[PDB]
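Here is the structure we will look at, set down as structure tokens.
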Amino acid sequence: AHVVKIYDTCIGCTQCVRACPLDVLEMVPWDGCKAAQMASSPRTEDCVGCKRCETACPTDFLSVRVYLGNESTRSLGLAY
Amino acid sequence: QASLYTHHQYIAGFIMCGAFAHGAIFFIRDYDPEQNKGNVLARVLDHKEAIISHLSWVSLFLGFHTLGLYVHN
Amino acid sequence: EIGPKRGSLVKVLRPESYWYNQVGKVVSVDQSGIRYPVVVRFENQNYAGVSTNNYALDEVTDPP
Amino acid sequence: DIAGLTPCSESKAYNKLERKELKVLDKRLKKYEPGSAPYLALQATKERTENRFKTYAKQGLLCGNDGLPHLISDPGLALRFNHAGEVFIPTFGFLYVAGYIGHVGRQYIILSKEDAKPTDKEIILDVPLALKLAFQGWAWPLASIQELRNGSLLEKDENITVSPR
Amino acid sequence: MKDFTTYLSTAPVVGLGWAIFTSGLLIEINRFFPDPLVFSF
Amino acid sequence: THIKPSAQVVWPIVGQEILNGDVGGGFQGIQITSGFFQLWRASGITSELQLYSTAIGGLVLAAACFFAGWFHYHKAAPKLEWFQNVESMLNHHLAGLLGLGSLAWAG
Amino acid sequence: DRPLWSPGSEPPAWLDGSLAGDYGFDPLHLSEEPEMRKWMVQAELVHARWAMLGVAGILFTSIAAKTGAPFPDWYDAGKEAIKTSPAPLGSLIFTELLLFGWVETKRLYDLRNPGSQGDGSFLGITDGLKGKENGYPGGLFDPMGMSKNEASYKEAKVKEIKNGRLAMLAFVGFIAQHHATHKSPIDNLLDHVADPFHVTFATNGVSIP
Amino acid sequence: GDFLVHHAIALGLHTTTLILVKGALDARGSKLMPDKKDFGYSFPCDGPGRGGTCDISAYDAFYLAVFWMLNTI
Amino acid sequence: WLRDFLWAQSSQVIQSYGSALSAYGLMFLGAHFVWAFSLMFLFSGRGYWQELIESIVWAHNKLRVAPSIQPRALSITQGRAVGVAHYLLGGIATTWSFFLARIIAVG
Amino acid sequence: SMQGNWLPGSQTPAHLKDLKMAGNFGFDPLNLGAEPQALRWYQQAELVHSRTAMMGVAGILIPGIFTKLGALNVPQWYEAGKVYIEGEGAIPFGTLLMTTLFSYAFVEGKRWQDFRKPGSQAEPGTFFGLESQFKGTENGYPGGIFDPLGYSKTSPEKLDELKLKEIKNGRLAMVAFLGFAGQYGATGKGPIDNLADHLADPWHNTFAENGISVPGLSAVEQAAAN
Ligand code: CLA
Ligand code: CLA
Ligand code: CLA
Ligand code: CLA
Ligand SMILES: CC(/C=C/C=C(C)/C=C/[C@@]12O[C@]1(C)C[C@@H](O)CC2(C)C)=C\C=C\C=C(C)\C=C\C=C(C)\C=C\[C@@]12O[C@]1(C)C[C@@H](O)CC2(C)C
Ligand SMILES: CC1=C(/C=C/C(C)=C/C=C/C(C)=C/C=C/C=C(C)/C=C/C=C(C)/C=C/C2=C(C)CCCC2(C)C)C(C)(C)CCC1
Ligand SMILES: CC1=C(C/C=C(\C)CCC[C@H](C)CCC[C@H](C)CCCC(C)C)C(=O)c2ccccc2C1=O
Ligand code: SF4
Ligand code: SF4
């Protein structure tokens, strides 16, 4: 499916996982930020590429990046 | 003669559009800034905003006054 | 202690940031040793609408 | 007599266009009594047309093969021949006002950016200061030249947002 | 008057006052003087 | 049947004197298209004095409507239950507005 | 506390009664800012003084014409005056414009900066050409000088502003009933006192259809 | 009239050059999107975030420039 | 339909110059302009225009005429609204000018 | 220092309050002299414009006065150029213009290099040995052979009084030459004839009665006469 990557600029506001209506992102413990949290994407193959996490990302530039390509039956949002 | 001129002019326009598109493809795909540092290409990319802004200025000025005189007449 | 003074104007040299070659005001510098401890506030919003961003020590300098 | 263009005073097509306009204007005169307001308006229109055709002639104006006056754009050719009044002086006439507008806008921009929360001054204008700059912009080229010379006109790229290519 | 003149210094001072002034100005040059083409003073 | 209707007169400022077309009747102006002359012939209207009176009455009613909006918002604003009286609104805008206007126009 | 323009009304806060003729009549909230208050006071006084001057001149000319002197109507007086005037039109209005520009810029910069013209810059006049109050100058403008006493000065201020407002109303009446009757104001006054029960603003034909 | 339509031709050439040049120079980076080089030459958009990024690629710059080329020819 | 309605008619709109209906021809061509100008807002998006605005902001930054309010491109919904409004205005005024000039110069 | 005021009660600019200048009246509403080197260049420009205005206006007036007195047949200034062009023993217009431009370019380059670097024209052995006196005393006041009668090497009081007098007569001459150009443009006659018309008939001979100066005034007068 698509490729979702999270960079070290994330500060653990844990709102990118709320804006994603597909449970692609998850919050793991970290040590590189004050909140001690980092976005991770275990269920990346379930992503469609709606870029709602990029909308919800407050960092400049975006800590979570979604790259389109290699569409599938789950990445195309198909119920048929 | 009319058909020949129109054909080769439209062909030329499409080919120039393809030239600029493939130049853009060069810039994004296989352009290495550390390979040619400080050369004409990197310097052109450095002040790209000036080139784009001046092209926008001359296009806006030409269109403004050409449409103004056409509507005036 | 390890960063710029709080409330002092700094210049951001981060290329991918919206505020590249811009001036921002430091609001807090973290002392716990994180990746981007310097927190600055800008008077102009970005396209996302936010006004604050975090940068490393090497991405901030005193403007002339 | 440049670019193969005859003067407007000695042009047959110019007079043909003038008499055609007079004829079509006098066509509408026959449908109104001479002591009527539409008749007075048509007479004023005819007088304005005659005055325009008289003033366009003997004014250093040329026309060629169409009866419509032509404008000479190259300076120098507009200097040795009496054609500067077409575009030469009105170029500076427009440029003076354009620099006036740009200079008063720049003055307002600097004098607003040095004020707390300066984003409201663009939607909430101030009239005394804008009018003060409006009546101080007559010497815009001198101020622009001195600002370019002292370096306050331009700004160091170091302080300019630059695309990261 | 303070509250009213704060409103009157918003959009209509630049969108209406300038527009009406510059317009009616140009109307009166085009009215009192006829249509010119050559700047012969 | 021979004079074209006209109700807009342009100024002689710049070249607009050609827009004041010969609509007949010793008059020049824009040939209108809204059909207002037909409406003012249907309702009995003879002179321009009656049109002047209608214009002044319309201006007075417009000022009254603007004052009504100002009053009914800033001064005496109705509550939510006043707007929710749907049956009263329907009765008053069926018998009152439409019916009374139809009767007044019939008279 | 003072007689108001409407009995039982509430006077404006910015109209506390310190001004001459302060009846508290201000429904449009004008002259609320102190700078705009001073500008409105100056405008009222200058419009007042010009109104009393013009109305007095109109009344004098109309009375002289009624006696039998060859005086014109208050309307089109200048139209027949320029035919016998040594000064042609154009030169007269521009001479007036230059003189009034000098005087009115002087009084305007005295309004913005009080006492600014009393620096001796113009012909070395210090005490004269220096303002005494908001719109009330002194020195050369007060030759007899009965404004020294404060009570008399305040009474004269109230008298001046009241007669001036009456002069505004007089000029408006002059133009209105000249358009109504096409006659002199003294002619209208004599017609009103001759036949009060019939000759009025209603039986003049126009203005009452 | 020949000179006026020549200026219209110059306007069309200038505007097509402006858009193609801007698409070529901003093909790899922009202030709205610094990482355009990682998304390929022909990608749709980046989403509704950051105000809206429709037609942000250099491919869409070429696509809009073909209209101006057609108008110019 | 084309030849016998839009070409058999509209010969008076183009030949309205020098007459009372020349303003209808002016309205016709201005409506053509506004209808054609709308397709810029309709085919295009926001990212290209935002980047062009960024270049213009750099140009105004070079000589310090940067506005305090940051210039931004129109929103995608805003751009669609502008495009549809200019398209409708151009088409409506085109048909208005053509219909009125044809029906006045003939009927 | 601060001598007089162009407008009493006006807010004088901050760069004119304590500035030692000749003829300083606070007249800078546009604040073009806020920068010091800007003010120096404008002072030099005003000085050269004023001095050539003295020369020009004297050429307007003294031959005109002597023509009115009948001493010489020297014509008015607006046709004097055509008179000399159409003369017999006349240098051609191109030669005269090029000689004037060459000589003025030379002397103005001298003055320019004095302005940018003060006293730089006193470089030894550069102008036939006479350049030792080419050192500039002040901006626009060179001295040397430019004061051969020794009227400037005295106490500063009469010196800056004379500077004030020079700038006053120079501003007057500049407005006077603008007037000469305007009153040839409108009336079409010499300034002495215009002064004679204004003295003999002041009301009927003015800028307002002439329709070129204020267009539309003649129509107003004609409508008021009818
Ligand atoms: C025929 C229709 C039409 C017209 C007139 C324009 C006009 C313009 N487009 Mg284009 N465009 C069109 C169709 C059109 N477009 C289509 C179909 C597409 C494909 C999507 C594009 C794609 C496109 C791109 C991709 C770009 C342009 C750009 C431009 C500008 C070029 C600058 C110029 O020539 O000077 C100005 C030209 C004018 C015609 C001026 C129009 C304004 C006049 C003076 C009226 C102004 C208002 C008037 C005073 C009335 C006020 C009241 C009113 C507002 C209610 C100009 C605004 C470029 C741009 O904006 O960058 C500079 C650019 O990058 N356009
Ligand atoms: C000889 C010159 C030349 C060469 C070698 C190439 C080669 C290439 N270009 Mg380039 N290009 C050219 C001319 C050229 N192009 C011209 C003239 C244009 C302007 C129109 C472009 C515009 C262009 C763009 C914008 C892009 C390329 C891309 C590409 C690559 C793949 C394109 C491809 O084959 O897809 C095969 C495509 C098709 C089979 C689709 C055919 C449909 C055509 C184009 C539409 C014709 C309309 C209509 C249907 C025709 C029939 C009419 C009907 C009535 C019968 C390849 C590197 C792409 C690339 O590098 O990928 C990132 C890319 O993004 N080029
Ligand atoms: C007075 C302010 C001001 C100034 C000094 C400039 C200066 C500049 N602009 Mg900018 N511009 C402005 C306002 C201003 N602009 C506004 C308000 C807009 C939005 C419509 C733009 C849109 C714009 C574009 C899209 C482009 C420029 C470009 C340019 C450059 C070319 C010069 C020119 O005439 O462009 C033409 C400018 C216009 C067509 C804009 C006219 C709008 C009016 C005249 C401005 C009104 C401002 C107001 C009067 C100031 C308030 C006065 C104060 C007393 C209250 C130059 C750097 C071009 C560039 O990058 O070249 C390097 C370019 O492509 N400008
Ligand atoms: C018989 C009584 C009566 C009449 C005649 C009207 C008439 C009207 N009402 Mg209705 N209304 C009524 C009772 C009435 N109302 C009652 C009882 C309620 C509460 C349940 C409402 C609640 C109501 C709402 C919530 C709204 C209306 C609105 C309207 C207007 C609809 C616009 C229209 O059709 O254009 C016709 C336009 C005209 C005929 C122009 C002349 C308008 C005149 C001045 C109105 C005079 C009618 C009025 C009832 C007279 C008494 C008012 C008195 C206090 C002075 C119209 C004027 C709408 C509105 O705001 O417009 C005012 C609206 O949104 N009505
Ligand atoms: C009436 C008038 C002004 C009235 C204004 C009013 C009611 C305003 C009311 C309010 O503001 C208040 C108070 C408070 C606000 O909260 C509310 C409102 C409602 C806004 C001015 C007249 C002002 C009238 C004036 C100044 C008259 C001047 C006359 C002159 C100069 C005569 C000159 C002559 O030339 C003639 C005309 C003809 C020649 O024959 C003779 C000579 C002598 C030559
Ligand atoms: C001989 C002669 C002459 C001359 C001529 C000339 C000198 C010419 C020139 C010409 C020219 C000079 C031209 C040019 C053109 C150009 C073009 C057309 C371009 C294009 C471009 C492009 C398309 C680009 C691309 C790209 C990109 C985008 C990026 C990078 C890569 C590339 C580069 C690929 C004369 C006139 C004197 C006279 C007659 C004869
Ligand atoms: C052109 C364009 C823009 C750029 C347009 C912008 C930023 C709006 C510009 C509005 C102007 C500033 C309004 C005023 C116009 C003139 C200045 C008015 C002149 C009036 C005279 C009297 C001087 C978009 O932002 C956009 C967004 C989404 C889809 C398509 C498009 C699109 O096509
Ligand atoms: S939205 Fe972005 S910055 Fe915020 S927790 Fe997620 S990856 Fe980190
Ligand atoms: S693009 Fe959408 S589905 Fe995919 S990780 Fe982001 S918010 Fe979730």
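Any read-out appearing in this document is the output of simple, stated calculations on the displayed coordinates, not a laboratory observation. With ideal geometry, Cβ positions are generated from the backbone for all residues, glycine too; neighbour counts draw on all protein chains shown.
Values as computed for the structure displayed
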| quantity | calculated |
| --- | --- |
| Subset tally (residues that are touching a residue at least 40 places away in the same chain (Cβ under 8 Å) and basic (K, R)) for the range C:1-38 | 2 |
| Criterion (closer than 24 Å to J:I192 by Cβ and either crowded, with 16+ Cβ neighbours inside 10 Å or touching a helix residue (DSSP H, G or I) at 6+ places or on another chain (Cβ under 6 Å) (or both)) met by exactly one of J:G33, J:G56 | J:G56 |
| The range H:1-25 - residue that is at the interface with chain B (Cβ under 7 Å from one of its Cβ atoms), within 12 Å of ligand 6 (Cβ to nearest atom) and out of contact with any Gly (no Cβ under 6 Å at 6 or more places or on another chain) and, of those, nearest to B:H65 (Cα to Cα) | H:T17 |
| The one condition in (1) within 15 Å of ligand 1 (Cβ to nearest atom); (2) more than 12 Å from the chain's Cα centre (by Cα); (3) buried (at least 18 other Cβ atoms within 10 Å of the Cβ) that I:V34 fails to fulfil | (2) |
| Matching residues in the range I:37-70 - criterion: being away from ligand 1 (no atom under 13 Å from the Cβ) and not hydroxyl-bearing (S, T, Y) | I:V57, I:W58, I:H60, I:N61, I:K62, I:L63, I:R64, I:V65, I:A66, I:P67, I:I69, I:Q70 |
| Breaking point among (1) more than 14 Å from chain C (Cβ to nearest Cβ); (2) surrounded by 15 or more Cβ atoms within 10 Å (Cβ to Cβ), for D:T161 | (1) |
| Criterion violated by E:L37 - all others in (1) within 8 Å of chain D (Cβ to nearest Cβ); (2) outside any loop (DSSP other than H, G, I, E, B) satisfied | (2) |
| Residue match in the range J:69-76 (condition: in a loop (DSSP other than H, G, I, E, B), touching a residue at least 40 places away in the same chain (Cβ under 8 Å) and within 24 Å of the chain's Cα centre (by Cα)) | yes |
| Hits in the range D:108-130 (condition: more than 9 Å from chain I (Cβ to nearest Cβ) and part of a helix (DSSP H, G or I)) | D:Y108, D:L111, D:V127, D:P128, D:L129, D:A130 |
| Any hit, the range G:24-34, residues being crowded, with 19+ Cβ neighbours inside 10 Å, more than 11 Å from chain E (Cβ to nearest Cβ) and either aromatic (F, W, Y) or in a helix (DSSP H, G or I) (or both) | no |
| The listed residue being within 16 Å of ligand 2 (Cβ to nearest atom) and either crowded, with 17+ Cβ neighbours inside 10 Å or under 28 Å from D:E114 (Cα atoms) (or both), out of I:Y48, I:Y87 | I:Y48 |
| Inter-residue pairs, beta-carbon under 6 Å, first facing another protein chain (nearest Cβ under 9 Å) and in the range I:73-84, second crowded, with 18+ Cβ neighbours inside 10 Å and part of a helix (DSSP H, G or I), 6+ apart | I:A73/I:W49; I:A73/I:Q50; I:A73/I:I53; I:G79/I:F41 |
| Selection within the range G:108-125 - part of a helix (DSSP H, G or I), surrounded by fewer than 17 Cβ atoms within 10 Å (Cβ to Cβ) and either of a type in the set (K, R) or within 8 Å of chain J (Cβ to nearest Cβ) (or both) | G:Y109, G:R112 |
| Odd one out for H:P48 among (1) surrounded by fewer than 19 Cβ atoms within 10 Å (Cβ to Cβ); (2) under 14 Å from the mean Cα position of the chain (by Cα); (3) in a loop (DSSP other than H, G, I, E, B); (4) at the interface with another protein chain (Cβ under 7 Å from one of its Cβ atoms) | (2) |
| The lone exception for H:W68 - which of (1) without any contact (Cβ under 8 Å) to a residue 40 or more places away in the chain; (2) within 11 Å of chain I (Cβ to nearest Cβ) it fails | (1) |
| From the options B:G18, B:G68, residue that is more than 16 Å from ligand 8 (Cβ to nearest atom), within 17 Å of H:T72 (Cβ to Cβ) and assigned to a helix (DSSP H, G or I) | B:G18 |
| Test result for H:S42, among the polar types (S, T, N, Q) and more than 10 Å from chain I (Cβ to nearest Cβ) | yes |
| Identity of the residue in the range I:32-63, among the aromatic types (F, W, Y) and either away from ligand 7 (no atom under 13 Å from the Cβ) or over 19 Å from I:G83 (Cα atoms) (or both), that ends up farthest from the other protein chains (Cβ to nearest Cβ) | I:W35 |
| Residue ID - farthest from the chain's Cα centre (by Cα), chosen from residues in the range H:27-42 that are charged (D, E, K, R) and within 16 Å of ligand 6 (Cβ to nearest atom) | H:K37 |
| Those residues of the range C:4-44 which are more than 9 Å from the chain's Cα centre (by Cα), within 14 Å of chain H (Cβ to nearest Cβ) and assigned to a strand (DSSP E or B), in sequence order | C:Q22 |
| Only listed residue being part of a loop (DSSP other than H, G, I, E, B), among the aliphatic types (A, V, I, L, M) and farther than 30 Å from J:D197 by Cα, chosen from J:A90, J:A105 | J:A90 |
| Selection within the range B:24-40 - within 11 Å of chain H (Cβ to nearest Cβ), more than 16 Å from ligand 1 (Cβ to nearest atom) and part of a helix (DSSP H, G or I) | B:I25, B:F26, B:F27, B:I28, B:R29 |
| Residue in the range H:56-72 that is among the β-branched types (V, I, T), closer than 30 Å to D:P69 by Cβ and more than 14 Å from ligand 6 (Cβ to nearest atom) present | no |
| Complete set of residues in the range C:45-61 that are in a loop (DSSP other than H, G, I, E, B) and facing another protein chain (nearest Cβ under 8 Å) | C:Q45, C:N46, C:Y47, C:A48, C:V50 |
| Exclusive hit being closer than 21 Å to G:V158 by Cα and assigned to a loop (DSSP other than H, G, I, E, B), set G:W39, G:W14 | G:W14 |
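Yes/no per residue for (1) within 16 Å of ligand 3 (Cβ to nearest atom); (2) exposed (fewer than 10 other Cβ atoms within 10 Å of the Cβ); (3) more than 25 Å from the chain's Cα centre (by Cα); (4) of a type in the set (A, V, I, L, M, F, W, C):
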| residue | (1), (2), (3), (4) |
| --- | --- |
| F:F67 | no, no, no, yes |
| F:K79 | no, yes, yes, no |
| F:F83 | no, yes, yes, yes |
| F:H93 | no, no, no, no |
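Yes/no matrix, rows are residues, columns are (1) within 16 Å of ligand 6 (Cβ to nearest atom); (2) within 20 Å of D:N159 (Cα to Cα):
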site	(1), (2)
I:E51	yes, yes
I:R64	no, yes
I:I76	no, no
I:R80	no, no
I:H86	no, no
I:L89	no, no
